[PDB]
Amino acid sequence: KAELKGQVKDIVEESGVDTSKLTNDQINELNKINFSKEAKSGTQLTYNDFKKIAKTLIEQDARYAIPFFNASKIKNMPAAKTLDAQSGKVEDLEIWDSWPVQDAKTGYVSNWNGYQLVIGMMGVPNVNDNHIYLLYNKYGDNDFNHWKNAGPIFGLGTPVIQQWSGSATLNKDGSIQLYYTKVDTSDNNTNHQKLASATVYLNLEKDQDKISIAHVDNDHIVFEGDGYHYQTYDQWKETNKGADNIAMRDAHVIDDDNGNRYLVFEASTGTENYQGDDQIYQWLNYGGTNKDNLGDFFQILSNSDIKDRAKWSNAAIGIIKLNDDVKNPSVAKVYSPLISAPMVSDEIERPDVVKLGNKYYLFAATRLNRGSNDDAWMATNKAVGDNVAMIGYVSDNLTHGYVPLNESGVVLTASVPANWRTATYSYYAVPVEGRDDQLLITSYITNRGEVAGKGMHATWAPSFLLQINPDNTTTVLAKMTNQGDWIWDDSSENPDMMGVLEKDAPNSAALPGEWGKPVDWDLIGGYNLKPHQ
């Protein structure tokens, strides 16, 4: 004869559940719930927030849905026909996660001797070929065909040492301070990630409009996790049963007004709030009404895959302060995570902090299929054929105090199937000079590895404007650029890039053959898509 404890008895009664209808098993589970109110790891993406983000995606609301793109206008990047870091030979690469060289305080795209500079991950489709390359164009030149490739930052290499995403800013002497993810795969092919930095010096040949990589100096590891705030590789190795994610990547540089420099990055929580079975019993993780939470608790416990995922989910967006050695930084201070998703997701990527007015806006990309709630993310695939989102938060202070935008944190939601030419990912907001209430959203378009078809390569998306409202909401605007436009300037707007949800329109969001084509095995691609209203 098991008896409910005091606090949980109140919850059960408030929820309209008849206490005498509970089994001993259910009672014993309920008595394990921890009703602590103290947040251990920053602002959380809760189980309820995740459900709300999925529901908002399914609704395909004009406020949040990624705009439709004119599929017929999308081209592979001409500058991606280039020497491949892993072969030394010219091949047709694809390009995905990319970032501009930008001012550390304002985020504005830097003007380097009349050029704009972008660093991006590129490689041959369906090869494990993860390295970073420098791309350049005249500053304010919106023509996608004009970008040129200066080649791989670190020259030729192999899959043993990889470079994944980060950020970059100029030094006073005109070198680039690059923050990137160094990945070592020598230990049973694990992706052992570390935050690294290097100083990159460029040579300009003016009469050829040609930029080359001249010197790479000070290449070293900045941060690998501390174990308390952020999970280390050794901790991950010790707990893994084969289904735990590892993250220490995507460092985004930002300076405060006093010129202290920080990196904001993707990681997992350490022993401050570690993953595990115990997370299922932390009421704070649920984030709905007491009644909603009670229902969620039983959903998790009764479904083995959701329960498994819940035990391993502990994504975090972290922040560290660097010391003042700009070209050769070390860590000065490690903070608690800004955002975390214990019990909820094991992957939140590409964090991006932008200062607008006197507030800090933090955005991140995520694939909802990395979340614990299989029913929620499976519903997004059924509605749209994809499960990607951008989430966002706002704070008065850089290092703490973030509040979710649009209530749940939702900012952008997938609008087309993952295997269409116009699918996007890796959203990255860039500020716009002279428009302090808007951001330009850049992304890559077409998923990697020929999922949209042979010859359909990941490439730079048309960019679009996002309106930021002072009441902690956002709205997608009907303003769109050429592919690969990182700078919103007087000639950026190109309405021809806009797509429509119509099978045979010349500006259809679908290429011929895509409307109705299977996705996720037998789902009809596009079947449940609706005009954005």
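All residue numbers are counted from 1 along the displayed sequence.
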item: Mean C-alpha temperature factor, higher of 184 to 192 and 367 to 375; value: 184 to 192
item: Which of 201 to 209 and 164 to 172 has higher mean CA B factor, as the PDB entry lists it; value: 201 to 209
item: Which of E433, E94, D97, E266 ranks first by CA B-factor in the deposited coordinates; value: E433
item: Criterion, highest CA B-factor; candidates, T442, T413, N126, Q275; value: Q275
item: Third of chain Cα B-factors occupied by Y361; value: middle
item: Within-chain third of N314 by Cα B-factor, per the entry; value: middle
item: Ranked C-alpha temperature factor of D396 among modelled chain residues, by third; value: highest
item: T46 - which third its CA temperature factor falls in, relative to the rest of the chain; value: lowest
item: B-factor third for the C-alpha atom of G288 within its chain; value: middle
